[PDB]
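K.L.:
Please see the structure below; I have some questions.
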Amino acid sequence: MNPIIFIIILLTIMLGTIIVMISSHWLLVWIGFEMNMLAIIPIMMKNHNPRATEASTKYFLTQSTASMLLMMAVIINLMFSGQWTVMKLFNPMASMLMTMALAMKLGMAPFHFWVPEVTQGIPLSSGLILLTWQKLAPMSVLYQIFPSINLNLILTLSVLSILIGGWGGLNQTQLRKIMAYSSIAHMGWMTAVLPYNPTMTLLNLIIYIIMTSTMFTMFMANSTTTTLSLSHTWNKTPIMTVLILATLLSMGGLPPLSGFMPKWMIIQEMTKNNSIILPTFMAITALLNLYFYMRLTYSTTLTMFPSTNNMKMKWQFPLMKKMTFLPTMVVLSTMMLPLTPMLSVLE
Amino acid sequence: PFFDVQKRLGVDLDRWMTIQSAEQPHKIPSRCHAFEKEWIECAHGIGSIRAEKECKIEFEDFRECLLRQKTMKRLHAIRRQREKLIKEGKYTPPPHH
Amino acid sequence: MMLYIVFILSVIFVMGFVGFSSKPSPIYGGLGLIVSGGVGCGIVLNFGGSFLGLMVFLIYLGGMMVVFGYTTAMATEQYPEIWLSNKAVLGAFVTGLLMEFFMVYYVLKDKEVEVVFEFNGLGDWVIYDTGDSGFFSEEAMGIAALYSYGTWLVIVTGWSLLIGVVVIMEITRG
Amino acid sequence: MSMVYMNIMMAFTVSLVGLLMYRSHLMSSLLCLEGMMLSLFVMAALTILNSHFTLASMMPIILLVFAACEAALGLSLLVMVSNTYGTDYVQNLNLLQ
Amino acid sequence: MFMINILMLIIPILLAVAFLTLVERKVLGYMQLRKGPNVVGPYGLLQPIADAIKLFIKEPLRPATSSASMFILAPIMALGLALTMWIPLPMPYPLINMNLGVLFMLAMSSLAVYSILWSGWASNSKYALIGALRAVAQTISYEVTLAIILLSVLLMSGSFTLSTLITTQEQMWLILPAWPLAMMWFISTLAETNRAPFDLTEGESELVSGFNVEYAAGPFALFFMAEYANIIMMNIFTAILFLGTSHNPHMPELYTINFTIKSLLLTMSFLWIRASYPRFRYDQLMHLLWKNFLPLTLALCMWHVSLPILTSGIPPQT
Amino acid sequence: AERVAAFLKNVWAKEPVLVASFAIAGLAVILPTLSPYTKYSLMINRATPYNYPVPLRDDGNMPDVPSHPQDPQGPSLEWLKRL
Amino acid sequence: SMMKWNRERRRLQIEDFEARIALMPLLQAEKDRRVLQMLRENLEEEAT
Amino acid sequence: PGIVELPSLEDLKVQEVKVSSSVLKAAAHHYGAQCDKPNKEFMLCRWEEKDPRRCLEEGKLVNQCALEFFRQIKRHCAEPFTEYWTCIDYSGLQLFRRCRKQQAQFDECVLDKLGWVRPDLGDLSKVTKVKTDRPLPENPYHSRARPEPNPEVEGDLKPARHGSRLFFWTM
Amino acid sequence: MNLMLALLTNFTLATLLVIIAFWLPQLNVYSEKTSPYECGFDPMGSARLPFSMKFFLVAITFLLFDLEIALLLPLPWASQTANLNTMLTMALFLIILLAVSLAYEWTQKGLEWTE
Ligand SMILES: CCCCCCCCCCCCCCCCCC(=O)OC[C@H](COP(=O)(O)OCCN)OC(=O)CCCCCCCCCCCCCCCCC
Ligand SMILES: CCCCCCCCCCCCO[C@@H]1O[C@H](CO)[C@@H](O[C@H]2O[C@H](CO)[C@@H](O)[C@H](O)[C@H]2O)[C@H](O)[C@H]1O
Ligand SMILES: CCCCCCCCCCCCO[C@@H]1O[C@H](CO)[C@@H](O[C@H]2O[C@H](CO)[C@@H](O)[C@H](O)[C@H]2O)[C@H](O)[C@H]1O
Ligand SMILES: CCCCCCCCCCCCO[C@@H]1O[C@H](CO)[C@@H](O[C@H]2O[C@H](CO)[C@@H](O)[C@H](O)[C@H]2O)[C@H](O)[C@H]1O
């Protein structure tokens, strides 16, 4: 891939997301989704190996099916309303189809099976796009149709995502599958608060993106994709292990780290609506996420695993990866709890 | 939209196609033009929570124009009865019907 | 009987879908899809969309022609499967036709049928517009407005088609 | 609703079940995807034509344009899957278990 | 009176096709310094009848490995669709007056391709398969260029109605303002009809007989009839598209006379071209269309979009 | 101007088909700007009456609106009669 | 030549379009009466 | 939901202009000039009332002026007019351009006898004013009273009292 | 109706000719006569074996080009718009982007058949 071609394709991925976000017409929203899927597959196939081919095919089949259900909902909405405006849907069957269509696009459980596999099959840079940028467009549509979403359906997906994400991460030794299951679990929190306060869905989304972007950027820096490969970081870049520790604890929602904020704010919103059993269940089940974050901090930062002799050759060479924005993202990933009231800007 | 860049910049990218009461080529009106306009003008500015309740009449009529469900039920009721009366030798259609 | 023209075409429409949804050899799946495109064009034509109908037929005829070529290269086996050659294909094919027949039988037996949702079986002509005396086609004016009104739609569609060429070449350059 | 909708909606459902219930050939599933667009195209056209909403008469055309892109995208992936395993069978795409 | 009209269309077509085979054999004979049929009937006039009778009393064959239903279906589509291509032709009055006759013929011509694909495939023999996939290649070559060539011409006519092409050319043939398009259209019709130098799906010297190598007797005859009916129809369409005949509503026969002469001469030129050139290689046909005709057709399409506007010559919708 | 001529003449010898295409494509883009007739195309499209000309309710102060189709007031198509 | 003929055809189209405009008031009046008569006929049959 | 009010069959009866479309097309241009005033008032009524029942009376004056128009042609120009629409009737598209010679004969006949002048190209497509005594309809859409708008939130914007007031935060 | 009548007659005549062709001639069917043809010697393998497509990339590009015509075919109607300034710009825009896509595939050797 010619560098100019990569930029144009990369700009098209953003263009499709932006089209969804600025569109007031259901057709243009669907077009934006198609444009996004068209441009992301070549990024997935960038390295041209059988695994990347499998991931791209599994991704394409899933996203195509969601687009069909989404467009079906739009046409049903047109029959029962005669209009195309992006807003609440006027038919409950259309609401179900759109909600499920967006659930597949996000990778929410039980439409989650593709997220672990696609993420594992593609490079880290592509996985970063998949688990962060690709969340924006479906969430922005959910942010506009939520008044007509069936409450039981959306909360059922949120609960299942948190459980399935929590349990799925416990068995993983690959860093890309850990980030996939962690992503599934975090998506559950975003949609659980969606019916009550959409602002806290945006807050959780932004903070999830900052923390996920930081973790992928640190994995890219040392070119690590397994738990054991990451366990050598202490012997080359000690500073990196400390940043991984702080970021991982934040992702686990431990105060006083930034990652505690979205969980804190979502519990507040749910209790204000006399929803007590669900936030309690959610917070406890999120302890599964913390458990398999803590294993990574054990093998990465708090202990020292054995090295290999050839590691000494890497002591003589500096990191040359861009690590774009890493110093800023890690500070935002960890030291933002004192600034929590700034969430009103999202209002 | 999520980001209303269209309103901010004043450009009009897709609002033109959103409703059937908007300006059409050569002013060809849609079949339910009047019903849409009434519902859009009833609910303008007051929000969906209020509009769901205070514009049911306008919406209910508009829905009838779109899918004609009440009308077709009425015709099936009339047609079904004629079958009963024609088949019983009770009513006879006039020449023009 | 002729008043039910659109319904009769829609019955063949579903039957074509059962043809390729049962998933025999893609040679026969393509045939099923060509039929559905044909009577699908007929359905849209009978609603006043001659241009829309003929084009979906034209586009799908070229698409299945590419599919036929790809089937002989990448989706062919020694004994391509017909609807009668496989129990899973025949079972799906039979199931879809019986589910189609019964829906037809009730809606014709009663002039209404309930299949999850209420459908009126009075014939599709009853919903048509009564008056009409414009000296033009409405579909043509609406479609032709893509270039005056649909400036934004042309940009996004033109870009996507251009990117599509760039993308397919990246994907297929191993 | 009108009776045509019953069969067009049924057609979409048949292809949806067709897509979700795989066999071996990945090509067969790509046809079920083109089947769903065909029914979506037809059902959109009936609604738009019947209601006399002129400006959306271009909507079904745009629908086909982005169906062609998906089919071209799907066929491209099938080329690379076939070049790897020598068939388009979907059971070969299980490295990532 | 409409059924009689249908028979007055298709029976003469089958007679014209029968005698086109005689005219082809004679014209090629004399261009090859020989005579061609002149024994069976005076000047070979009974030769087409003898060939027709002989084929339909010859034994048909169903190959052992063939797919029966598609094997028989394919020749029926071929002849059925070939005759369907004639119903919208204004001669000067069409049998069926369509708003979109031009697009109807594009759709039917695309459908007629499958009578080649399915006959070659259903035959389940290698030479048949090779011929069938050449048909796939040939359609990919010309279909995109053919439609855009038509669109450029219709931008001067303003309509998709075939009868409006008669009105557009009332003062002058469209070949004057569009001879570059007429050139590329004429080639495209040779490719579209699998005619030499683009007779590739059959390609005698390479594929024995190509897509219909396994067909015999009557089923073979239907394919042969369909081919020659398509030759005449596409030259009528060329004559209507570029050599418009003036129509007098009170003397419609005079249109039909001048119109027929032009179509005969254009059909004669197909035979003339067959006697003159070697065959293309079928990847060279793809490059001819995509690398030469397509860039020029795209440019002329923009030119003919702009020209009516900049000259204020936009035609009417009617 | 000499470097371009060598390239231009070179492509006339190797790819005359592409030289002709770009030239025609260039004319399709430029001439509409420089043509004195392009303005009339929109006026003729404007003057074609697809719809009924709905009358206006006369209120008393419409000097330029005609009362009868043959009255002098209103747009005239004399420019088109002579075009 | 194509320019000049197509200008004439546009002039001929307007003339044709103006004839329809002249008759539209008469046809519209007939249409209104015809629709109302049909409905009134429908209404009476429905009563019995 | 009400019983649709439909007029009586006597209130709908009128003398019908029972001539073919080729007859109407032949006389359309002169008919447009001669019967403009009743026609324009009737068309103003339909696009204002939006109801065929509210315009019946003006729709009868359209026919009475059409019959009077065709009665004058019969009195003075029956034969020249009869050739002309016959020529129009022959054409499959009823084209004017195929009957220019006969159109002339009818055109100078109505000029000499009746003083009628043919409208120029573009005349019949003008938007014209029309005086009427029918009052302007006030609720032609039969709209209900619209819901009241939400009471406006206005006044002077002051800082939030004690800031965000989020848990412990003092700002 | 007329069109449906015309189509039925066309395919009815074709089917009648096939029926006559199959039931009029005297038949003598045996295995060697109906065996697959291949120049006198038995076929070597199945004709259902995969047949590689060398123009596969052109075939996919045809699907994308074959939809440009649907977008361009409305042009004769679009030329009747009042807003010709916007028209001509958008019509020329589409064709140029189609030309650019063709140039890209051409310059990147996408139209060359694989060996
Ligand atoms: C104020 C409001 C906000 C409140 C939220 C909490 C704020 C803290 C958030 C921290 C954000 C991450 C930034 C942490 C900076 C860590 C700097 C450091 O520890 O020294 C790095 C040291 C490098 O070792 P060296 O080889 O000598 O130097 C190479 C680099 N030039 O590395 C090492 O050599 C150490 C290797 C052994 C690993 C020891 C692990 C246990 C000690 C970790 C302490 C940091 C814990 C951070 C976790 C969050 C704590 C709240
Ligand atoms: C995943 C498979 C997807 C398959 C999709 C199949 C087609 C789906 C059709 C969706 C439209 C069905 O529409 C469903 O039935 C009728 C439609 O009048 C409605 O019927 C009901 O709702 C309306 C509400 O005013 C009233 O008539 C009344 O309350 C009741 O009749 C339902 O409220 C609607 O939800
Ligand atoms: C990579 C992207 C490539 C994008 C390329 C886009 C190329 C577009 C080139 C401009 C095409 C239109 O160019 C423009 O056409 C209109 C005519 O319609 C002309 O406009 C002229 O005619 C119109 C009506 O026809 C009159 O209303 C107007 O008074 C007059 O100026 C403009 O003078 C000309 O500048
Ligand atoms: C707006 C419509 C009209 C504009 C024209 C649009 C289509 C433009 C087509 C691309 C033109 C430039 O791109 C093309 O790239 C290839 C590189 O492989 C060049 O070079 C190649 O072409 C020719 C034919 O294939 C070969 O003989 C040559 O060996 C090879 O180098 C072509 O000479 C050039 O024409």
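Ordered as shown in the structure tokens, chains take letters A, B, and onward, while each chain numbers its residues from 1 and ligands are numbered from 1 in the order shown.
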Find the residues near range 77-90 of chain I: any atom within 6 Å, counting only C-alpha atoms, skip ones fewer than 5 places away on the same chain, and give them as number ranges by chain.
P.N.:
C: 144, 147-148; F: 42, 45-46
K.L.:
Let me have all residues with an atom within 7 Å of ligand 1, counting only C-alpha atoms and all ligand atoms, laid out as a PDB file with N, CA, C and O atoms, in the first residue's frame.
P.N.:
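Okay, out_29.pdb is ready:
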ATOM      1  N   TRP A 234       9.916  -5.025  31.101  1.00  0.00           N
ATOM      2  CA  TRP A 234      10.703  -4.515  32.215  1.00  0.00           C
ATOM      3  C   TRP A 234      12.189  -4.512  31.900  1.00  0.00           C
ATOM      4  O   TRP A 234      12.930  -3.669  32.412  1.00  0.00           O
ATOM      5  N   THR A 237      12.350  -1.345  28.627  1.00  0.00           N
ATOM      6  CA  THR A 237      11.812  -0.026  28.958  1.00  0.00           C
ATOM      7  C   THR A 237      11.085  -0.125  30.290  1.00  0.00           C
ATOM      8  O   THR A 237       9.886  -0.431  30.329  1.00  0.00           O
ATOM      9  N   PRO A 238      11.774   0.103  31.407  1.00  0.00           N
ATOM     10  CA  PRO A 238      11.080   0.074  32.704  1.00  0.00           C
ATOM     11  C   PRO A 238       9.945   1.078  32.809  1.00  0.00           C
ATOM     12  O   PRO A 238       8.908   0.770  33.402  1.00  0.00           O
ATOM     13  N   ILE A 239      10.108   2.270  32.235  1.00  0.00           N
ATOM     14  CA  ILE A 239       9.064   3.286  32.327  1.00  0.00           C
ATOM     15  C   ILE A 239       7.766   2.771  31.724  1.00  0.00           C
ATOM     16  O   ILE A 239       6.677   3.043  32.238  1.00  0.00           O
ATOM     17  N   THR A 241       6.485  -0.206  31.624  1.00  0.00           N
ATOM     18  CA  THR A 241       5.752  -1.105  32.509  1.00  0.00           C
ATOM     19  C   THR A 241       4.954  -0.327  33.545  1.00  0.00           C
ATOM     20  O   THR A 241       3.852  -0.736  33.922  1.00  0.00           O
ATOM     21  N   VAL A 242       5.503   0.783  34.034  1.00  0.00           N
ATOM     22  CA  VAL A 242       4.796   1.572  35.036  1.00  0.00           C
ATOM     23  C   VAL A 242       3.567   2.231  34.425  1.00  0.00           C
ATOM     24  O   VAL A 242       2.515   2.322  35.062  1.00  0.00           O
ATOM     25  N   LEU A 243       3.678   2.705  33.184  1.00  0.00           N
ATOM     26  CA  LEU A 243       2.518   3.287  32.519  1.00  0.00           C
ATOM     27  C   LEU A 243       1.461   2.229  32.236  1.00  0.00           C
ATOM     28  O   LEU A 243       0.263   2.497  32.357  1.00  0.00           O
ATOM     29  N   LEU A 245       0.926  -0.375  34.077  1.00  0.00           N
ATOM     30  CA  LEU A 245       0.296  -0.654  35.362  1.00  0.00           C
ATOM     31  C   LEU A 245      -0.771   0.383  35.683  1.00  0.00           C
ATOM     32  O   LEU A 245      -1.912   0.037  36.003  1.00  0.00           O
ATOM     33  N   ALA A 246      -0.417   1.666  35.600  1.00  0.00           N
ATOM     34  CA  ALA A 246      -1.371   2.713  35.945  1.00  0.00           C
ATOM     35  C   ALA A 246      -2.574   2.692  35.015  1.00  0.00           C
ATOM     36  O   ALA A 246      -3.714   2.855  35.460  1.00  0.00           O
ATOM     37  N   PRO A 256      -7.970   6.508  42.774  1.00  0.00           N
ATOM     38  CA  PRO A 256      -8.521   7.753  42.243  1.00  0.00           C
ATOM     39  C   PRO A 256      -8.225   7.955  40.759  1.00  0.00           C
ATOM     40  O   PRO A 256      -7.990   9.077  40.329  1.00  0.00           O
ATOM     41  N   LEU A 257      -8.233   6.878  39.989  1.00  0.00           N
ATOM     42  CA  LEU A 257      -7.844   6.933  38.589  1.00  0.00           C
ATOM     43  C   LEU A 257      -9.025   7.327  37.709  1.00  0.00           C
ATOM     44  O   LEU A 257     -10.188   7.194  38.089  1.00  0.00           O
ATOM     45  N   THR A 301       4.642  -5.664  35.435  1.00  0.00           N
ATOM     46  CA  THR A 301       5.240  -4.606  36.238  1.00  0.00           C
ATOM     47  C   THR A 301       5.608  -5.034  37.647  1.00  0.00           C
ATOM     48  O   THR A 301       6.678  -4.663  38.131  1.00  0.00           O
ATOM     49  N   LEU A 302       4.757  -5.792  38.330  1.00  0.00           N
ATOM     50  CA  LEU A 302       4.962  -6.051  39.746  1.00  0.00           C
ATOM     51  C   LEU A 302       5.866  -7.246  40.013  1.00  0.00           C
ATOM     52  O   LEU A 302       6.315  -7.420  41.149  1.00  0.00           O
ATOM     53  N   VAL A 330      -1.838   8.924  28.374  1.00  0.00           N
ATOM     54  CA  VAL A 330      -1.653   8.215  29.634  1.00  0.00           C
ATOM     55  C   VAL A 330      -1.950   9.130  30.817  1.00  0.00           C
ATOM     56  O   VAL A 330      -2.490   8.689  31.835  1.00  0.00           O
ATOM     57  N   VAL A 331      -1.596  10.408  30.712  1.00  0.00           N
ATOM     58  CA  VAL A 331      -1.958  11.353  31.766  1.00  0.00           C
ATOM     59  C   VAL A 331      -3.470  11.503  31.846  1.00  0.00           C
ATOM     60  O   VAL A 331      -4.053  11.497  32.934  1.00  0.00           O
ATOM     61  N   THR A 334      -5.246   8.607  33.565  1.00  0.00           N
ATOM     62  CA  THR A 334      -4.985   8.324  34.971  1.00  0.00           C
ATOM     63  C   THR A 334      -5.322   9.470  35.914  1.00  0.00           C
ATOM     64  O   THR A 334      -5.783   9.215  37.026  1.00  0.00           O
ATOM     65  N   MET A 335      -5.116  10.719  35.506  1.00  0.00           N
ATOM     66  CA  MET A 335      -5.123  11.851  36.429  1.00  0.00           C
ATOM     67  C   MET A 335      -6.268  12.826  36.168  1.00  0.00           C
ATOM     68  O   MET A 335      -6.111  14.035  36.329  1.00  0.00           O
ATOM     69  N   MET A 336      -7.442  12.323  35.795  1.00  0.00           N
ATOM     70  CA  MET A 336      -8.563  13.187  35.456  1.00  0.00           C
ATOM     71  C   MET A 336      -9.690  13.166  36.476  1.00  0.00           C
ATOM     72  O   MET A 336     -10.623  13.964  36.352  1.00  0.00           O
ATOM     73  N   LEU A 337      -9.639  12.289  37.472  1.00  0.00           N
ATOM     74  CA  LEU A 337     -10.713  12.249  38.458  1.00  0.00           C
ATOM     75  C   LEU A 337     -10.928  13.589  39.152  1.00  0.00           C
ATOM     76  O   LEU A 337     -12.093  13.947  39.389  1.00  0.00           O
ATOM     77  N   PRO A 338      -9.897  14.360  39.504  1.00  0.00           N
ATOM     78  CA  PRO A 338     -10.149  15.672  40.120  1.00  0.00           C
ATOM     79  C   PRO A 338     -10.927  16.621  39.235  1.00  0.00           C
ATOM     80  O   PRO A 338     -11.449  17.620  39.739  1.00  0.00           O
TER      81      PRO A 338
END
K.L.:
Write out as a list in words every residue belonging to chain B that has an atom at most 10 Å from any atom of chain F, counting only C-alpha atoms.
P.N.:
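So the residues of chain B near chain F are residues 26, 27 and 28 of chain B.
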K.L.:
Grab the residues selected above and save them as a PDB file, in the first residue's frame with C-alpha atoms.
P.N.:
ATOM      1  CA  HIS B  26     -42.251  20.787 -10.501  1.00  0.00           C
ATOM      2  CA  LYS B  27     -44.280  20.973  -7.270  1.00  0.00           C
ATOM      3  CA  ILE B  28     -45.586  17.421  -7.644  1.00  0.00           C
TER       4      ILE B  28
END
K.L.:
Using only C-alpha atoms, I'd like every residue of chain C that has an atom within 7 Å of chain B; please write them out as a ChimeraX atom specification.
P.N.:
/C:141-142,152
K.L.:
At a cut-off of 9 Å, using only C-alpha atoms, what residues contact residue 321 in chain A? Leave out same-chain residues fewer than 6 positions from it and give the result as a PyMOL selection string.
P.N.:
chain A and resi 220-222
K.L.:
With N, CA and C atoms kept, could you save the residues just selected as an mmCIF file, in the first residue's frame?
P.N.:
data_model
loop_
_atom_site.group_PDB
_atom_site.id
_atom_site.type_symbol
_atom_site.label_atom_id
_atom_site.label_comp_id
_atom_site.auth_asym_id
_atom_site.auth_seq_id
_atom_site.Cartn_x
_atom_site.Cartn_y
_atom_site.Cartn_z
ATOM 1 N N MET A 220 2.013 -1.377 20.724
ATOM 2 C CA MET A 220 2.725 -1.133 19.475
ATOM 3 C C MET A 220 4.164 -0.715 19.733
ATOM 4 N N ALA A 221 4.394 0.071 20.784
ATOM 5 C CA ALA A 221 5.726 0.618 21.011
ATOM 6 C C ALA A 221 6.766 -0.488 21.108
ATOM 7 N N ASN A 222 6.465 -1.548 21.848
ATOM 8 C CA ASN A 222 7.382 -2.665 22.012
ATOM 9 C C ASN A 222 7.035 -3.846 21.123
#
K.L.:
May I have the residues within 6 Å of ligand 2, computed using only C-alpha atoms and all ligand atoms, as a PDB file with C-alpha atoms, in the first residue's frame?
P.N.:
ATOM      1  CA  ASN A  91     -42.544   1.330  14.625  1.00  0.00           C
ATOM      2  CA  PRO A  92     -41.514  -1.028  17.456  1.00  0.00           C
ATOM      3  CA  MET A  93     -40.450  -3.705  14.967  1.00  0.00           C
TER       4      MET A  93
ATOM      5  CA  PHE C 117     -48.917  -8.988  11.271  1.00  0.00           C
TER       6      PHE C 117
ATOM      7  CA  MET D   9     -41.529  -9.011   3.706  1.00  0.00           C
ATOM      8  CA  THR D  13     -37.123 -12.993   5.879  1.00  0.00           C
TER       9      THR D  13
END
K.L.:
Find the residues in chain I near chain D: any atom within 12 Å counts, using only C-alpha atoms. Write them as number ranges by chain.
P.N.:
I: 49-74
K.L.:
Enumerate as a ChimeraX atom specification the residues within 9 Å of ligand 3, counting only C-alpha atoms and all ligand atoms.
P.N.:
/E:306,309-310,312 /F:28-43 /I:82-97,100
K.L.:
If you count only C-alpha atoms, which residues fall within 10 Å of residue 162 in chain H, apart from same-chain ones fewer than 6 positions away, as a PyMOL selection string?
P.N.:
chain H and resi 169-171
K.L.:
Go ahead and write the selection's residues with N, CA, C and O atoms as a compact mmCIF listing (two decimals), in the first residue's frame.
P.N.:
# COMPACT_ATOMS: atom_id res chain seq x y z
N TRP H 169 -17.33 18.59 45.21
CA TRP H 169 -16.64 19.67 44.51
C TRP H 169 -17.18 21.03 44.94
O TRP H 169 -18.39 21.25 44.99
N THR H 170 -16.27 21.94 45.24
CA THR H 170 -16.60 23.30 45.64
C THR H 170 -16.62 24.27 44.47
O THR H 170 -16.83 25.46 44.68
N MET H 171 -16.39 23.78 43.25
CA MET H 171 -16.47 24.61 42.06
C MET H 171 -17.20 23.87 40.94
O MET H 171 -17.20 22.64 40.91
K.L.:
What are the residues of chain E that have an atom within 10 Å of an atom of chain F, counting only C-alpha atoms, as a list in words?
P.N.:
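The complete set of qualifying residues is residues 291, 292, 293, 294, 295, 296, 297, 298, 299, 300, 301, 302, 303, 304, 305, 306, 307, 308, 309, 310, 311, 312, 313, 314 and 316 of chain E.
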K.L.:
Here is a test: counting only C-alpha atoms, which residue of I:109, I:99, I:7, I:114 is nearest to chain F?
P.N.:
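That would be I:99, the residue with the smallest distance to chain F.
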K.L.:
When you get a sec, could you note down which chain C residues fall within 10 Å of chain F, using only C-alpha atoms, as a count of residues only?
P.N.:
3
K.L.:
Could you tell me how far CA of residue 3 in chain E lies from CA of residue 16 in chain E, in Å and to one decimal?
P.N.:
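Computing it gives 20.0 Å between the two atoms.
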K.L.:
Could you list, as a list in words, the residues of chain B having an atom within 8 Å of chain H when counting only C-alpha atoms?
P.N.:
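Therefore, the residues near the partner are residues 34, 38, 41, 42, 43, 45, 46 and 54 of chain B.
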K.L.:
What is the CA of residue 159 in chain H-CA of residue 343 in chain A distance in Å, reported with one decimal?
P.N.:
17.1 Å
